[PDB]
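Engineer: First, the structure itself, so that you have it in front of you.
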Amino acid sequence: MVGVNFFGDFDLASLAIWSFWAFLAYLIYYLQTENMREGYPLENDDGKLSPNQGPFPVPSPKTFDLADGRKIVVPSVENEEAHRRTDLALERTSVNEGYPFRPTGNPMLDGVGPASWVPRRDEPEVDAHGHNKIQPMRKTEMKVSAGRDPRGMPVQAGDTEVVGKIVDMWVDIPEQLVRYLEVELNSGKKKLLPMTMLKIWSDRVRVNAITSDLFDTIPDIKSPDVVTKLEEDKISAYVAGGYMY
Amino acid sequence: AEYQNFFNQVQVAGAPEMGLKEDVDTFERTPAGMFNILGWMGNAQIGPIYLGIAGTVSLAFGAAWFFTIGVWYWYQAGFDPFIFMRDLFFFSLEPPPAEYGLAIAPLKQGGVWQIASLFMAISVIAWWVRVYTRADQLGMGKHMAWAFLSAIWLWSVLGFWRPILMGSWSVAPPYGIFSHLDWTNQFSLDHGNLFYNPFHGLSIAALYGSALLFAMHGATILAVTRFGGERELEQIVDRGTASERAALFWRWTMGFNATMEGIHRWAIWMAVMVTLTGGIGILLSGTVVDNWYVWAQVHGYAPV
Amino acid sequence: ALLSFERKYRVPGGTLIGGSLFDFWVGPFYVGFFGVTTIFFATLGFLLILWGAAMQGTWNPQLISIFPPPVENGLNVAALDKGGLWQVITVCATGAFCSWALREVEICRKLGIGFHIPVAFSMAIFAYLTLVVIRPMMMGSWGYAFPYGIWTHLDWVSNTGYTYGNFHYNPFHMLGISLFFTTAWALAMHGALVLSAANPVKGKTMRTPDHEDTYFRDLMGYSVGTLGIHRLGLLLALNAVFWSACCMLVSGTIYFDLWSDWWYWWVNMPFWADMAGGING
Amino acid sequence: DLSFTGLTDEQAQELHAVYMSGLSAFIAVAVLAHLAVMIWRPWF
Amino acid sequence: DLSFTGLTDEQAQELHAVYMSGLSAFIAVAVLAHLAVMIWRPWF
Amino acid sequence: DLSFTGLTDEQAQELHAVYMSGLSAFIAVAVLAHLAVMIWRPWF
Amino acid sequence: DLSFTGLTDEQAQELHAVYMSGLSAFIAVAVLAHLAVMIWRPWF
Amino acid sequence: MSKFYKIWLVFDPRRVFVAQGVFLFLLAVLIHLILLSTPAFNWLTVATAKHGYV
Amino acid sequence: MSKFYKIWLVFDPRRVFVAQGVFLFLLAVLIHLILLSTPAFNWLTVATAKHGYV
Amino acid sequence: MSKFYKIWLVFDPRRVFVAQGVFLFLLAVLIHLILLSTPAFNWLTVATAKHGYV
Amino acid sequence: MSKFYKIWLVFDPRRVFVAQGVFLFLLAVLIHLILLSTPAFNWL
Amino acid sequence: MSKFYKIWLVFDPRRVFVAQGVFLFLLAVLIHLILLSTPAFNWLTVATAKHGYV
Amino acid sequence: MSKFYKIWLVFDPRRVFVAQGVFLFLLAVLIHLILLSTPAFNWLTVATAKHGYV
Amino acid sequence: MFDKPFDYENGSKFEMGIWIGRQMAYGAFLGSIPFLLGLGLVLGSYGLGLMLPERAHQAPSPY
Ligand code: BCL
Ligand code: BCL
Ligand SMILES: CC[C@H]1c2cc3[nH]c4c(c3C)C(=O)[C@H](C(=O)OC)c4c3nc(cc4[nH]c(cc(n2)[C@@H]1C)c(C(C)=O)c4C)[C@@H](C)[C@@H]3CCC(=O)OC/C=C(\C)CCC[C@H](C)CCC[C@H](C)CCCC(C)C
Ligand SMILES: CC[C@H]1c2cc3[nH]c4c(c3C)C(=O)[C@H](C(=O)OC)c4c3nc(cc4[nH]c(cc(n2)[C@@H]1C)c(C(C)=O)c4C)[C@@H](C)[C@@H]3CCC(=O)OC/C=C(\C)CCC[C@H](C)CCC[C@H](C)CCCC(C)C
Ligand SMILES: COC(C)(C)C/C=C/C(C)=C/C=C/C(C)=C/C=C/C(C)=C/C=C/C=C(C)/C=C/C=C(/C)CC/C=C(/C)CCC=C(C)C
Ligand SMILES: COC(C)(C)C/C=C/C(C)=C/C=C/C(C)=C/C=C/C(C)=C/C=C/C=C(C)/C=C/C=C(/C)CC/C=C(\C)CCC=C(C)C
Ligand SMILES: COC(C)(C)C/C=C/C(C)=C/C=C/C(C)=C/C=C/C(C)=C/C=C/C=C(C)/C=C/C=C(\C)CC/C=C(\C)CCC=C(C)C
Ligand SMILES: COC(C)(C)C/C=C/C(C)=C/C=C/C(C)=C/C=C/C(C)=C/C=C/C=C(C)/C=C/C=C(\C)CC/C=C(\C)CCC=C(C)C
Ligand SMILES: COC(C)(C)C/C=C/C(C)=C/C=C/C(C)=C/C=C/C(C)=C/C=C/C=C(C)\C=C\C=C(/C)CC/C=C(\C)CCC=C(C)C
Ligand SMILES: [Fe+3]
């Protein structure tokens with residue numbers, strides 16, 4: 001088929017390349033539509049429906065079947081409503097669109113900006129067997145196999161002060177990964193510190209995200225041995241918000 | 001100075017996970033162990049492996065192909081272990097010459113190449129069946145098999161379909177370290193600057209895009225590991241602040257963003273595209289277009 | 001417009017320069033001072049490429065090409081009609097890329113996340129600067145950089161590679177090729193695995209990460225993990241680009257002959273060089 | 001009336017009147033420029 | 001009586017007056033430069 | 001009698017009337033341009 | 001009293017006066033440099 | 001048919017208007033480029049020949 | 001027809017004005033560059049030939 | 001029209017001023033670079049030819 | 001005019017002063033680099 | 001058949017209309033380009049030959 | 001068979017119809033292109049030869 | 001530490017001028033950072049090339 005043209009200079013290679021262009025256009029449309037299952041429809045600064053919604057329509061709903069019988073329809077009103085924050089302590093800085101919203105009170109306590117948390121379901125994440133995915137090491141038979149064990153180390157904050165000591169570690173059992181450190185403060189209360197936002201030195205655990213005064217207001221877990229997804233989100237948001245605040 | 005989460009600060013380990021049963025025959029699973037060196041960046045467990053029929057066929061025929069190439073190299077070295085090491089990257093198992101066409105060639109003149117190629121094809125088909133069946137028995141969606149099929153498509157175009165269309169096994173690449181690089185360069189030279197093959201350019205674009213997209217996605221996930229962003233499936237069913245912050249970063253950066261699930265659709269299609277377009281580009285070379293620079297001149301993207 | 005969850009994240013702060021002077025959004029785009037500079041540099045570069053197309057006399061997008069000044073010009077600032085336009089466009093591109101990285105840094109600071117994305121982008125910026133600045137200056141002229149054209153820079157790649165015979169024999173080049181192939185393979189596997197866990201066989205409930213670990217342990221006897229696979233993909237891409245940059249850095253500066261000839265020290269080691277037989281006699 | 005953007009009918013009328021004045025000025029300037037170019041260097 | 005920016009009518013009028021003064025100065029300088037260039041190096 | 005958009009029949013009628021007026025203006029301008037081109041340089 | 005900066009009118013006037021004085025000084029220095037260059041190497 | 005207005009009961013006006021504007025601009029550009037790439041109907045080339053500009 | 005003002009009931013003026021400004025700027029620049037790329041209508045070239053600048 | 005001031009009732013002056021400054025500087029730089037790319041209107045080369053030092 | 005001081009009621013002067021410093025330095029650098037292109041004004 | 005209307009009980013009318021429009025436009029463009037690629041049916045070439053252009 | 005209708009109890013009608021439409025269009029285009037590549041069955045070439053167009 | 005606010009109320013003219021000068025000097029330093037980085041990159045690469053063997057400056061043109 002060398003030099004065999006259907007018309008003009010249009011040969012098999014031309015047909016292949018034009019067919020690829022059409023297929024790529026359709027593929028781009030499909031990929032963009034598949035990524036519009038969260039966060040839509042668009043809103044304005046007042047929370048009302050935006051007059052402009054984009055050229056791509058929102059796809060038809062799809063259902064995720066969970067192991068415990070719960071159904072999640074990701075592009076649905078229920079999904080958006082379950083993950084919507086209410087009573088946000090925020091204020092518009094301008095009548096125009098596109099300007100930042102000013103925190104009215106304490107942004108870290110109110111959970112706005114870089115301290116924002118999402119109201120996830122107030123249940124622990126489970127594995128395929130139904131057991132809680134994240135458990136303290138005192139409830140398991142795991143042992144430290146490498147690295148430095150932080151249990152018993154002092155905890156130093158970003159202001160160069162000692163706020164407590166590490167008493168236990170919380171481990172992702174299916175993944176065999178340490179995700180949180182449990183710290184007993186000098187006041188006797190116990191908090192959870194994300195592993196991804198601390199450093200383990202030879203003699204201490206350093207947390208530069210927050211200062212000593214903020215350690216007492218870290219969000220708490222209802223049960224001493226179980227942490228839920230909502231509690232995880234709140235703790236992570238509080239700790240990460242310290243970099244700006 | 002902050003923790004970048006590239007390596008674990010501390011490792012923990014208990015009994016190794018032997019895997020979910022589902023519809024899998026646990027008799028075919030081997031024992032498991034631990035390797036602490038692998039636990040710094042990933043998992044330390046060298047977990048159980050499924051044996052089965054497809055795995056056994058694939059292992060046997062792949063070892064046969066490997067050993068066929070090895071014994072051909074030893075023959076080319078004349079039994080000398082010192083010559084074997086001195087010229088290891090220069091040894092080559094070449095396809096039959098163009099005179100024999102597609103027929104079975106004498107052993108010294110491409111028959112060994114044909115035997116090795118048949119063993120390799122059997123091994124690759126068995127491994128594809130293994131991928132599909134391991135997905136099926138756990139109740140998963142067969143995406144890995146279809147992704148593997150694109151690479152198989154490029155591989156079979158290089159060695160089977162294009163040689164059949166050209167009428168001889170001689171146009172297939174040889175089995176050798178330096179020799180197949182020479183084959184690649186000679187293919188480009190013979191077909192007139194393969195740079196001007198449009199599907200070659202599409203494949204290069206897809207490869208660059210795969211590197212770019214994996215860099216973007218890995219950096220994004222590691223950036224939101226503060227909020228458990230690497231737990232992607234739970235974020236898919238129960239959206240957290242990690243997904244929202246990632247989406248907002250990319251929306252504020254380039255005006256549009258993805259979701260925790262659809263980013264992987266982007267990834268799989270971008271990675272599939274390189275082999276999907278490369279197979280077409282190779283198949284068109286010699287069968288439809290024999291000089292891509294002249295073709296580019298005709299079709300208006302090369303100077304006249 | 002805003003996403004349904006976007007309002008609580010649009011807070012002031014995080015800028016590097018200007019405070020609240022440019023701390024606003026235009027549509028979905030956060031602007032900032034570096035966004036202002038990015039828009040200026042990008043628009044100037046695009047309009048100068050169009051003007052260079054006007055000077056060239058062609059409006060075919062696949063034939064437009066802006067060439068650097070000739071090798072004989074050295075490191076001098078060339079006339080705009082004799083390669084200076086290429087230098088202006090190069091300055092605009094460098095400014096736009098750096099401003100984009102700094103704007104990404106600002107967006108990271110506002111959202112309270114890490115800087116992995118701007119660091120990874122800086123790696124690609126380093127590769128680009130290697131191809132247009134570091135290597136041409138180490139070779140003594142702007143004329144060794146690639147032109148700004150969709151296929152003419154492919155011609156530049158071809159000529160540069162064939163300057164040293166078959167460029168496949170560059171060792172850092174082999175390493176970069178292997179890393180790029182590994183990156184594509186890992187991206188395919190990761191996308192497929194996540195999608196197969198999220199979209200199981202019809203009638204089955206959604207799969208867990210335990211299913212993914214079991215699948216990859218069954219298939220090949222090892223699972224790297226979700227955190228592990230993300231780390232591995234990022235490192236693979238960064239190393240691929242870095243070693244490609246090194247391969248181009250060593251070529252034409254400390255090595256000038258054929259790389260296929262470089263590979264012959266192993267063969268020519270005297271203790272087996274004269275041993276008859278094999279490929280190399 | 002139907003209004004996706006939230007504007008009223010009279011607000012739309014006033015805004016359109018101002019927009020039409022601006023467009024008329026733009027078109028008048030363009031027509032004068034085209035007349036000057038046609039006199040200086042006709043393209044037909 | 002729509003106001004997307006929150007400004008009143010008289011505030012908009014004052015801002016426009018100052019903006020038009022600035023634009024007039026800019027255009028006058030541009031006209032002087034163009035006349036000087038036309039004398040120095042005509043392009044028509 | 002379906003409404004995916006939420007409009008009423010009369011709102012759709014008004015919208016169509018305005019749209020048809022705009023389309024008629026556009027088509028009339030295109031027809032005049034085509035007649036001018038045919039007079040200047042016929043293609044048949 | 002339209003202000004986006006938290007500045008009073010009189011503060012703005014005084015700041016503008018100081019800024020314009022400095023701007024005039026900068027213009028004078030630039031003019032001296034341009035005259036020196038023109039004497040050394042005229043570009044017209 | 002007098003019932004074509006019912007298309008607005010099916011399609012949202014905003015997306016339709018945006019797509020129509022983009023489509024019309026691209027179509028006009030395509031036709032103009034096709035004419036310009038043909039020297040017999042390139043009005044600049046015809047004007048140059050008619051008035052002896054080059 | 002005198003009911004075109006209702007377009008502002010469909011599209012927000014701010015977005016329309018921004019898009020129109022971008023479109024007009026790009027179109028004007030493109031047409032000017034097309035004329036400049038043609039030596040017959042490049043006014044700088046015509047002036048150079050008329051006044052003997054080179 | 002005497003009612004053009006109402007544009008400030010539509011667009012925020014700060015962002016308008018930023019965009020206008022960027023656009024005007026970009027346009028001036030573009031026109032100067034276009035003139036410098038043409039040897040007939042490159043005033044530095046013109047001065048070089050007129051006075052004759054290089 | 002005399003009402004230009006109101007620009008300081010729109011943009012905060014300190015950030016504006018920093019941005020002006022950046023712009024002026026980069027403009028001077030650009031002009032020097034442009035002068036380097038022609039040998040007659042190459043001062044190196 | 002007289003009950004083809006039931007197709008609208010299976011497929012959403014909006015998606016069908018969009019796909020049909022895209023398909024028809026692409027088909028028309030393809031046929032026009034096929035005719036333009038054939039010199040005997042290139043109406044621009046026929047007009048050039050008949051009216052003596054170029 | 002009089003029981004073929006039960007195929008609709010096995011496969012979703014929407015997917016089947018979409019796939020069938022795509023397949024039929026691709027097949028028809030392929031066959032037409034194959035006929036066009038053969039000068040003995042290219043109807044445009046036959047018309048050109050018959051009417052003496054070129 | 002470099003970009004500081006001014007106390008307009010209870011602030012003299014001389015201090016205001018000095019403050020404006022300091023703000024503009026800080027802006028100039030910020031704008032000089034990329035110029036100095038680019039100049040250093042170019043000149044250091046050229047110097048390294050000067051320290052390279054003689055064949056580094058004799059490569060065939062890729063055009
Ligand atoms: C890396 C080593 C070589 C090189 C070797 C090759 C080879 C070999 C090939 C390409 C190909 C391409 N290269 Mg190159 N390329 C280099 C440097 C560059 C640079 C740069 C500033 O550094 C850019 C922007 C490009 C751009 C491009 C694209 C036109 C194309 C597909 C890339 C792609 O999808 O990437 C991944 C990125 C994405 C998927 C995201 C989208 C990126 C888009 C497509 C970029 C479009 C750029 C546009 C045409 C021009 C930009 C300027 C305009 C004023 C905006 N190259 C250097 C010199 N490049 C291929 C091709 O088809 O060429 C015709 C090809 O075969
Ligand atoms: C001088 C040489 C020529 C040239 C000649 C060719 C030729 C010839 C080919 C390519 C191909 C490719 N080239 Mg090229 N190429 C050149 C310049 C470039 C440049 C550049 C200058 O920067 C780039 C970036 C590329 C990039 C690329 C890729 C995009 C493309 C496919 C890669 C791939 O996945 O391969 C490797 C991946 C595979 C082979 C898939 C393998 C699948 C099987 C099933 C897996 C292995 C089997 C079995 C499991 C093995 C054993 C494993 C055991 C564990 C031991 N080329 C120049 C112009 N290039 C290919 C292509 O598609 O072109 C259109 C191709 O055939
Ligand atoms: C989207 C395209 C990309 C891609 C995709 C891809 N590849 C894939 C997959 C996917 C999605 C799989 O599912 C599949 C897989 O299982 O991955 C883990 C596979 C895979 N891609 C592979 C390789 C591969 N992919 C490549 C490329 C790419 N694959 C593309 C970039 C390349 C390149 C660049 O050349 C290679 C080499 C394998 C790791 C795997 C398929 C495994 C397979 O086919 O196995 C059968 C073959 C053999 C058994 C051959 C023999 C192996 C040994 C040499 C046997 C002899 C040794 C003996 C066992 C020991 C001897 C010891 C001593 C006595 C010496
Ligand atoms: C780990 C390194 C890999 C990587 C990483 C990477 N790239 C990135 C990122 C990351 C992590 C981003 O965050 C950033 C981004 O925002 O992505 C969406 C980016 C990005 N990677 C991009 C492209 C890109 N990356 C590439 C490569 C890779 N990037 C590597 C493989 C390539 C290749 C190989 O060709 C391309 C084309 C962009 C989509 C984006 C950066 C966007 C940007 O800079 O925007 C500002 C600039 C403009 C809008 C336009 C400027 C235009 C110029 C002023 C004029 C043109 C000059 C140019 C030199 C002409 C070239 C002509 C060509 C024919 C040569
Ligand atoms: C490629 O294109 C080229 C480059 C060829 C041409 C393009 C050119 C352009 C577009 C050039 C410039 C455009 C502009 C807009 C340049 C700058 C205009 C301005 C507004 C310059 C501002 C200068 C203001 C300066 C230095 C600040 C002076 C204030 C100084 C300290 C602080 C004020 C304090 C003062 C105390 C009192 C001291 C003064 C006295 C008299 C005691
Ligand atoms: C090489 O191949 C070639 C190019 C030769 C093939 C040639 C191909 C084709 C395929 C050419 C075109 C096919 C078409 C389909 C052309 C366009 C036909 C149309 C559909 C033209 C539409 C014109 C519509 C116009 C201007 C819009 C009129 C609407 C105007 C403002 C909007 C008014 C409506 C309004 C405002 C809303 C206000 C009312 C209320 C109640 C709010
Ligand atoms: C390859 O093809 C080529 C390029 C050769 C030819 C193809 C060419 C085309 C297709 C060219 C153009 C097609 C068009 C459609 C160009 C644009 C025509 C338009 C529609 C220009 C619009 C100009 C509008 C202008 C100046 C008006 C801007 C409006 C204003 C000043 C008025 C301000 C309005 C309102 C201020 C504020 C009211 C606020 C209150 C509170 C009442
Ligand atoms: C080669 O040919 C090419 C391709 C270059 C042709 C392309 C050409 C174009 C596109 C040329 C230009 C089109 C335009 C749109 C040029 C510019 C028109 C304008 C509108 C220039 C505006 C200059 C505006 C100037 C100086 C005003 C700046 C305003 C001010 C100082 C005053 C604002 C300060 C204020 C108002 C006080 C407000 C605050 C209170 C509290 C009242
Ligand atoms: C001491 O060492 C021992 C002896 C133990 C082993 C040492 C072994 C070595 C050194 C093994 C291998 C060295 C190499 C260099 C192996 C291969 C590397 C490569 C680069 C293999 C590349 C194959 C590359 C491509 C395209 C092949 C694609 C192959 C195909 C589709 C297969 C075609 C299948 C069937 C053609 C043809 C069936 C038809 C008939 C008539 C049988
Ligand atoms: Fe992922």
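To be explicit about the labels: the chains of the structure tokens are called A, B, and onward in the order shown, and within each one the residues are counted from 1, while ligands get numbers from 1 in the order they are shown.
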Neighbours of ligand 7 at 9 Å or closer, counting only C-alpha atoms and all ligand atoms: which residues, as a PyMOL selection string?

Structural biologist: (chain D and resi 11-27) or (chain E and resi 1-4+9) or (chain H and resi 21+24-34+36) or (chain I and resi 13+17+20-21+23-24+27-28+30-31+34) or (chain J and resi 1+3-11)

Engineer: What does the file look like for those residues with C-alpha atoms, as a CSV table (one decimal), in the first residue's frame?

Structural biologist:
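Saved the output as out17.csv:
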chain,number,residue,atom,x,y,z
D,11,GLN,CA,-30.7,47.0,34.0
D,12,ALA,CA,-30.1,44.9,30.9
D,13,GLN,CA,-31.5,47.6,28.7
D,14,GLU,CA,-29.4,50.3,30.2
D,15,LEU,CA,-26.2,48.2,30.0
D,16,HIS,CA,-27.0,47.3,26.4
D,17,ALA,CA,-27.5,50.9,25.5
D,18,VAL,CA,-24.0,51.8,26.9
D,19,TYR,CA,-22.5,48.7,25.2
D,20,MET,CA,-24.1,49.7,21.9
D,21,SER,CA,-22.7,53.2,22.2
D,22,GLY,CA,-19.2,51.8,22.7
D,23,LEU,CA,-19.6,49.4,19.8
D,24,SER,CA,-20.8,52.2,17.6
D,25,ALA,CA,-17.8,54.3,18.4
D,26,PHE,CA,-15.5,51.3,17.8
D,27,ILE,CA,-17.1,50.5,14.4
E,1,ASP,CA,-29.1,50.7,39.5
E,2,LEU,CA,-26.9,47.6,39.4
E,3,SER,CA,-23.4,47.9,40.8
E,4,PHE,CA,-21.2,44.8,40.7
E,9,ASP,CA,-22.7,56.6,40.8
H,21,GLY,CA,-20.2,31.4,18.7
H,24,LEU,CA,-19.1,30.0,13.7
H,25,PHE,CA,-15.8,31.7,14.3
H,26,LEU,CA,-13.8,28.6,13.6
H,27,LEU,CA,-15.9,27.9,10.4
H,28,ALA,CA,-15.3,31.4,9.1
H,29,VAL,CA,-11.6,31.2,9.8
H,30,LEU,CA,-11.5,27.8,8.0
H,31,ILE,CA,-13.2,29.2,4.9
H,32,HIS,CA,-11.0,32.3,4.9
H,33,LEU,CA,-7.8,30.2,5.2
H,34,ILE,CA,-9.0,27.9,2.4
H,36,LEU,CA,-6.1,32.4,1.2
I,13,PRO,CA,-21.2,41.2,31.2
I,17,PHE,CA,-16.3,41.9,28.2
I,20,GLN,CA,-14.4,40.2,23.8
I,21,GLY,CA,-11.3,42.2,24.8
I,23,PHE,CA,-10.7,38.2,21.1
I,24,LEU,CA,-10.4,41.7,19.6
I,27,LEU,CA,-7.7,39.4,16.0
I,28,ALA,CA,-6.2,42.9,15.5
I,30,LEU,CA,-3.2,38.7,13.9
I,31,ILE,CA,-4.4,40.8,11.0
I,34,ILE,CA,-0.6,39.0,8.3
J,1,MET,CA,-20.9,58.4,25.3
J,3,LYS,CA,-22.3,57.1,30.3
J,4,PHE,CA,-19.0,55.2,29.9
J,5,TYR,CA,-18.2,55.9,33.5
J,6,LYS,CA,-20.6,53.1,34.4
J,7,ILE,CA,-17.8,50.7,33.3
J,8,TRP,CA,-16.5,51.2,36.9
J,9,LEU,CA,-19.9,49.9,38.1
J,10,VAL,CA,-19.1,46.7,36.2
J,11,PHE,CA,-15.3,46.1,36.7

Engineer: Could you find all residues in chain I that DSSP calls alpha helix (DSSP H) from the backbone, and write them as a PyMOL selection string?

Structural biologist: chain I and resi 13-37+43-51

Engineer: Hey, can you check how far atom CA of residue B:175 sits from atom 22 (C, counted along the ligand's line) of ligand 9?

Structural biologist: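 Value for the atom CA of residue B:175-atom 22 (C, counted along the ligand's line) of ligand 9 distance: 5.0 Å.
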
Engineer: Starting from chain L, keep only residues with some atom at most 7 Å from an atom of chain H, counting only C-alpha atoms, and report them as a list in words.

Structural biologist: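 Result, ordered by chain then number: residues 14, 48, 53 and 54 of chain L.
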
Engineer: What does the distance from atom 58 (C, counted along the ligand's line) of ligand 4 to atom CA of residue C:89 come to in Å, to one decimal?

Structural biologist: 7.1 Å

Engineer: Could you list, as a VMD selection string, every residue of chain A that has an atom within 10 Å of an atom of chain M, counting only C-alpha atoms?

Structural biologist: chain A and resid 1 4 to 7 10 to 12 15

Engineer: Return as a Markdown table the residues of chain C lying at most 9 Å from ligand 2, together with the closest atom-to-atom pair for each and the distance in Å to one decimal, counting only C-alpha atoms and all ligand atoms, with rows in chain order and ascending residue number.

Structural biologist:
| residue | atom | partner | partner_atom_place_in_ligand_line | distance |
| --- | --- | --- | --- | --- |
| C:154 | CA | ligand 2 | 21 (C) | 7.6 |
| C:157 | CA | ligand 2 | 21 (C) | 6.1 |
| C:158 | CA | ligand 2 | 58 (C) | 6.8 |
| C:161 | CA | ligand 2 | 21 (C) | 7.8 |
| C:162 | CA | ligand 2 | 1 (C) | 8.5 |
| C:166 | CA | ligand 2 | 1 (C) | 7.0 |
| C:167 | CA | ligand 2 | 1 (C) | 7.6 |
| C:168 | CA | ligand 2 | 1 (C) | 7.6 |
| C:177 | CA | ligand 2 | 24 (C) | 7.8 |
| C:180 | CA | ligand 2 | 24 (C) | 8.6 |
| C:181 | CA | ligand 2 | 34 (O) | 6.0 |
| C:184 | CA | ligand 2 | 34 (O) | 7.7 |
| C:185 | CA | ligand 2 | 34 (O) | 8.3 |

Engineer: Could the residues in this selection be written to a file with N, CA, C and O atoms, as an mmCIF file, in the first residue's frame?

Structural biologist:
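In the end it all went to selection_31.cif:
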data_model
loop_
_atom_site.group_PDB
_atom_site.id
_atom_site.type_symbol
_atom_site.label_atom_id
_atom_site.label_comp_id
_atom_site.auth_asym_id
_atom_site.auth_seq_id
_atom_site.Cartn_x
_atom_site.Cartn_y
_atom_site.Cartn_z
ATOM 1 N N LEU C 154 13.387 19.166 16.215
ATOM 2 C CA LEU C 154 13.650 17.751 15.968
ATOM 3 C C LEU C 154 14.838 17.568 15.030
ATOM 4 O O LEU C 154 15.661 16.666 15.230
ATOM 5 N N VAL C 157 17.800 18.051 17.170
ATOM 6 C CA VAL C 157 18.062 16.853 17.966
ATOM 7 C C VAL C 157 18.784 15.810 17.125
ATOM 8 O O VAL C 157 19.768 15.203 17.563
ATOM 9 N N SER C 158 18.306 15.597 15.897
ATOM 10 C CA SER C 158 18.917 14.604 15.019
ATOM 11 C C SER C 158 20.373 14.950 14.719
ATOM 12 O O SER C 158 21.260 14.092 14.815
ATOM 13 N N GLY C 161 22.593 14.577 17.851
ATOM 14 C CA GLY C 161 22.833 13.178 18.158
ATOM 15 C C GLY C 161 23.807 12.526 17.197
ATOM 16 O O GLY C 161 24.689 11.770 17.612
ATOM 17 N N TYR C 162 23.669 12.813 15.901
ATOM 18 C CA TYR C 162 24.560 12.216 14.916
ATOM 19 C C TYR C 162 25.928 12.882 14.863
ATOM 20 O O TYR C 162 26.814 12.374 14.168
ATOM 21 N N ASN C 166 26.129 7.149 16.692
ATOM 22 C CA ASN C 166 24.849 6.697 17.226
ATOM 23 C C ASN C 166 24.786 7.089 18.697
ATOM 24 O O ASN C 166 25.555 6.577 19.517
ATOM 25 N N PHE C 167 23.869 7.998 19.029
ATOM 26 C CA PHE C 167 23.769 8.529 20.383
ATOM 27 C C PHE C 167 23.243 7.508 21.384
ATOM 28 O O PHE C 167 23.263 7.783 22.587
ATOM 29 N N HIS C 168 22.774 6.346 20.919
ATOM 30 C CA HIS C 168 22.306 5.307 21.832
ATOM 31 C C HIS C 168 23.403 4.842 22.782
ATOM 32 O O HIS C 168 23.106 4.364 23.881
ATOM 33 N N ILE C 177 16.949 6.746 29.271
ATOM 34 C CA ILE C 177 15.946 6.020 28.494
ATOM 35 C C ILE C 177 15.286 4.947 29.351
ATOM 36 O O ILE C 177 14.056 4.785 29.346
ATOM 37 N N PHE C 180 12.895 6.619 31.816
ATOM 38 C CA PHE C 180 11.650 7.063 31.188
ATOM 39 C C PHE C 180 10.722 5.886 30.897
ATOM 40 O O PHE C 180 9.504 5.967 31.124
ATOM 41 N N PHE C 181 11.281 4.785 30.388
ATOM 42 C CA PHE C 181 10.469 3.598 30.138
ATOM 43 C C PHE C 181 9.872 3.059 31.433
ATOM 44 O O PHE C 181 8.691 2.688 31.478
ATOM 45 N N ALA C 184 6.934 5.296 32.520
ATOM 46 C CA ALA C 184 5.703 5.017 31.781
ATOM 47 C C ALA C 184 5.065 3.709 32.239
ATOM 48 O O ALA C 184 3.843 3.633 32.432
ATOM 49 N N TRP C 185 5.884 2.672 32.430
ATOM 50 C CA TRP C 185 5.378 1.380 32.887
ATOM 51 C C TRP C 185 4.713 1.496 34.256
ATOM 52 O O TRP C 185 3.612 0.970 34.478
#
